Amino acid sequence: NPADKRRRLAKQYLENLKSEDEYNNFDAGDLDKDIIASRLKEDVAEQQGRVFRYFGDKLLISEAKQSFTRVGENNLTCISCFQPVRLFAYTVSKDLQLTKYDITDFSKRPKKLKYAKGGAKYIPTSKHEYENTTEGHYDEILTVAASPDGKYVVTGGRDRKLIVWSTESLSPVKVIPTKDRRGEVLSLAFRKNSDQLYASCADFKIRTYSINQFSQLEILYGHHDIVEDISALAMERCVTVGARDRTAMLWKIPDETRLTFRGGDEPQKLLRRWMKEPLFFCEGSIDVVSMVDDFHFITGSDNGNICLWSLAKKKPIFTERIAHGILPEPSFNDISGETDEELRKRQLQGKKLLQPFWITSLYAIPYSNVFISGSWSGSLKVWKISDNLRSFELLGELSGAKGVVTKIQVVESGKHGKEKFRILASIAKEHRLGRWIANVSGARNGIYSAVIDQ
Amino acid sequence: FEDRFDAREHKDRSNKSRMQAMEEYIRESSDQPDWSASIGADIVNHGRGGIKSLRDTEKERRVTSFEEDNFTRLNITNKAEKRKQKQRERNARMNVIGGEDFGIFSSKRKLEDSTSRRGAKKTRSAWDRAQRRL
Amino acid sequence: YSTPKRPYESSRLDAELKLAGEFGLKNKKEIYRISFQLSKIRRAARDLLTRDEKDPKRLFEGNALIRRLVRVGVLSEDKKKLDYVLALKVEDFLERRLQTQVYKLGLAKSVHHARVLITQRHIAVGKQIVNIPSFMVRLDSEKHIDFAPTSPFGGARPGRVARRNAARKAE
Amino acid sequence: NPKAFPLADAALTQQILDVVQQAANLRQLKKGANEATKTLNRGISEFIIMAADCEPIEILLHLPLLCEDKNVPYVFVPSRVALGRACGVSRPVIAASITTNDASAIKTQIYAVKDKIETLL
Amino acid sequence: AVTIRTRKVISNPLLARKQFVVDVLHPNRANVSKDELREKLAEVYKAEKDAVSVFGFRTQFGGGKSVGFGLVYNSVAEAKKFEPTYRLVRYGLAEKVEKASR
Amino acid sequence: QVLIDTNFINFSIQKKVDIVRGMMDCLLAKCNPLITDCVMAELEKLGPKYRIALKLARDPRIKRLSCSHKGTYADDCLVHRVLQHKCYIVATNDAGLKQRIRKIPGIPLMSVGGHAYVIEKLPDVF
Amino acid sequence: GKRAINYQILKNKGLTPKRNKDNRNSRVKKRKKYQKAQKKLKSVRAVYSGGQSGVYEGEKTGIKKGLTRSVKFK
RNA sequence: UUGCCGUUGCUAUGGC
Ligand SMILES: [Zn+2]
């Protein structure tokens, strides 16, 4: 048995490498490095923070105050929020408008404050990739990001620019182009409690910036498709996911190194695993992330998977195969064009062309026990991760959001044992990158806010 | 007779048996990721050198760790550099093709003699091999 | 490298003619270098076939050899057998160099345009500008071959000929 | 036998869609039904992908007859939305075609997908 | 615009000092510009501009980053005590020449 | 795929080279050796002195073609079926057949020389 | 007043034949002897050029009804 | 509670 001989010889090999618990167990170099550890400074940014907010089953779920404030902007795309240590929120749309909200009036719907709308006036007079230093967006703003301190919001989209606006007036303070032709930005994330931005640009590139210095730190390379989502916490690590290469990478940005995590679910072995006694299959494209803590994260796929990954395992720890359902099959009055229902039913091939909803938004509350998933099934899902950190489980649903969920994130309130949050979710009737979405089933372009309690 | 303090027998060797085929199989079946670089950052002289091998980037990581750890630049020490840098780069452009060293496939060194086929757990009894299984 | 056995037979001359013309090579030393180390590679894989199944050398050095050949990119992901290392040959190795790859990705109009782009530093894989044409890109650096951002074919400031013509036409 | 008969399963579908995305980046993909039939009657096509769930189905079933005439492999992907997303455009496509090229950096991948869908067909 | 990153900041009370490694970031600039770097370091930390010092600069290939070794003092007098004389000649105020004979 | 003839087999056994292993370490590739029925007829007609050569040509690793002509002239059969198709290596040691094969173009020629096989008109051997 | 040396005393290329601009570069010579070779290959074989370009105009060069350029067996 | 437009509430919904 050749793989048995491989495992056996590898075991003998590791035993021989060990060859080349007592009462005294102290090692001189380890305790010397621990003396240097006692000598050093800056136990602030580099907390390898584990899950210290265990509250998944604690708070209420089923009776949230859900207000779906519809807004008149075609296809809202992103949502950025802010809390100091009054709270503002930000939305941005495919109609080239950024909009500031106040959200701190917690028991009611948010309040519009200020527009900032680019348009055809901001097309540059050059068509030349480094004099892209205009003051507004002329194409398809895809992402906003508020500063952790709140001086600025920074936004960008398919016009390959980063425009950083002031908070108090929504004015463009600085323009930083991405200096090449395909340099469309797709996701932005500040590292927490900082002034450092991580943008993920479709050149298979990740750009980093210091916003209050108007400088770019480091460009870091290495995905294989467009870097569709990004996520960061207080550590200088980052977690990006490229779309169709089906890998999620995490980046030690000062070292400029990474850990890659591929997928790897196969319907052959999965249907055999069920065949030991079923509509589930392989993977299209890993789409969204959120780093839950500094040892784990969660990925949202294109076949409706939500997966939970550790920092110490290439293959994922936990899967959840169907997370928002399978799409309604196309009707017999809109598949075939024959006359009889028998042939128009034969043109469905049974179950072979039922496609699942793909999770287009995922948000893990940082270091907490609970994350929120959203797609165009109409109902957001709330999941909590078990305390042994090897599984998660569906708590409840938030069914007042008709449309695609282009963004989810939460806003905190309450103290250490009694808490209430408003879950913002940007709702559109069209995916945040291309159109591709038919059967617009009662959708509206709005902000689904929910107020969850206890 | 009597004892005599032998650092060569309580010194960490771990290199007589470090074979790259076994280490590659362990990296394959490791189930924890591997700290690879952002892809352009590991080529060396605009491509005039190789990419860099895995042992060379391990050694580079060790040198920069020691470097930052006690605040000292390493030097251009003539005898050691005329040995190691020139012989190392010439066997690098000999055997390292595209970031992968193929020098081992051209080298007689028995795998199972030194690095496999355990010597301490040799199990030279039927009873000892029976107890080692069960 | 090393010279071949019969270096002047007409099949070898038409071989080197087709190779140097189809891949834009400068002399025979490119073919001879890459074929010398390919000879070492498949001379090793021949011995790995001449030993038997469940040999430790065969198991470990065989999957090591085919995995680092797949990661160089001359061998595809599905053929994970050791006889494909014998079926491997020299233009499978020099299709992997950066001049060939720049032309195939279409940043250049021919292999000679690719060679002069590379030697004039308009091409960077990943982070670093590569400037020698025989580079042997890998399967992960295959998709980050793009124009350098320090170059007028990227998005940078235009070169001396363009700016001197602009200045003289401004005069 | 349905009309959209030689459908691919999920592994072959993702192999097809990955090489479709790479050919779309390398300008070797002609996307859309009448561009596909144009390149099919011109003869520069290596295989055609039809999506088996558009709102009529004969709208692209016109293409298997053309592929049969000129001996070109044809395969049915079960999602027009995923096919358009792989094609890299902001709309669903119902048919696409991989044009022939010999200065193409993905020729081995295209040939492997051609062999897989031809043993299917 | 240059950019600054301190890492691994330890304190040496025996030498009355605080030392660290300096990732200096200059996209589309030449190099570190060490006096301007001492200015930027002396303003990100406290004032002591004749007590902040950097010595070990290595720029990586293709530019952009450079790793240096940063040590910052309190008390400019004890910085003059503890720093070596060649770095004092390089940056600060000391200048004693060697007697040129044989 | 390599077409063998009778003096190549005789020189292989006289020099103690295995057929498929000698071919493999000559070309550094996987070889399929082919005995045509006329080469086999010639080895059988060589008599009972050449029993060792005949039952080393009877080897399941050596595949075998089916020539369709009258007579057992292996040089004519090898020359015809190689100049028809140009997908064949010819392993031979006849001086006349070596001259015929190296006069027709694009056909590599293998021969027992010394203590291993040599190959000439194949331009990718290393 | 400095009687500087000139190029023929400096480089000392005494009495050479006229040589080739294509020989002054080893790469351009093999670019232009491969273009010559693959123009000669159209003479010996018939090269697959890429199929039918536009409308089928005709054979454009002639049709011989007497010549058969096919390999007979044995 | 918005680009319009409808039911509107004296606040929620649904069609482009
Ligand atoms: Zn015969």
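Chain A residue numbers are taken from Swiss-Prot; in order, the displayed residues are 58-77, 102-166, 184-375, 394-570.
Cβ coordinates come from backbone N, Cα and C, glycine included.
According to Swiss-Prot, the protein has these features:
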REPEAT    A:234-273  repeat 'WD 1'
REPEAT    A:278-317  repeat 'WD 2'
REPEAT    A:320-359  repeat 'WD 3'
REPEAT    A:397-435  repeat 'WD 4'
REPEAT    A:471-509  repeat 'WD 5'
REPEAT    A:516-562  repeat 'WD 6'
Next on the checklist: Counting CB pairs under 8 Å, which listed stretch among A:320-359, A:471-509, A:516-562 touches the repeat 'WD 4' (A:397-435) the most?
Outcome noted: A:471-509
Checklist entry - Would you list the DSSP helix, strand and coil counts for the residues of the repeat 'WD 6' (A:516-562)? => result 0 helix, 19 strand, 28 coil
Next on the checklist: Could you give me three numbers for the repeat 'WD 1' (A:234-273), the DSSP helix, strand and coil residue counts?
Outcome noted: 0 helix, 22 strand, 18 coil
Checklist entry - Can you count helix, strand and coil residues in the repeat 'WD 5' (A:471-509) using DSSP? => result 0 helix, 19 strand, 20 coil
